[PDB]
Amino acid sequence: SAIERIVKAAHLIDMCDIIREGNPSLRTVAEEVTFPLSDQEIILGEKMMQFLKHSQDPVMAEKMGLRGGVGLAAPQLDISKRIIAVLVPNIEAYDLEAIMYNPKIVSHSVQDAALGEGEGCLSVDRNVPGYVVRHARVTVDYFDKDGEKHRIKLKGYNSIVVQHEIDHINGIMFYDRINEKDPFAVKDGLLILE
């Protein structure tokens, strides 16, 4: 059981826990968690955030051989649960830090947005050029470990990151949103962030 081994006290999430393309799990719609959460469900979220902080640490990232990142979804650990972790550093320390249970986009802008540098994925061991078209702004509802509801508004980079992770729990990959015909096509209403 992936969740049972990953949540053991001694376990450190590393690249070996992250599944890659082809694995059916990355294309499966994850199941909602129920409240109250089990200890394992709480621990899993904490382990996920620990991974992100480790991956963003020069020394630690080097020792563990981790790929830098600002987001992780449970399905990437082969755990089909609607749990995601996001950690964007200030360029107080982190501009955004959150472990989200059952996250959901409840509102979004007509305007679209895409990072000018494109996107990558820990589960994708290759580069796929192109603008990943997403919503410019999103209002997201989620629950914390205590079953408390949160409603936040995101824009710019953070909006992109959270949408990338929510896609994972819905079986969607970043390249699914890249225009096939022309990868770098700039449509009306699309904001390129850089």
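Numbers follow the displayed sequence, beginning with 1.
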In the entry, residues of the deposited sequence missing between residue 91 and residue 92 amount to 4 to 9
Mean Cα B-factor check, 53-61 vs 144-152, entry values; winner is 53-61
Averaging CA B factors per stretch from the PDB record, which one is higher: 165-173 or 39-47? 165-173
Hey, what third does residue 124 fall into on Cα B-factor, ranked over its chain? highest
Among modelled residues of the same chain, the CA temperature factor third for residue 66: highest
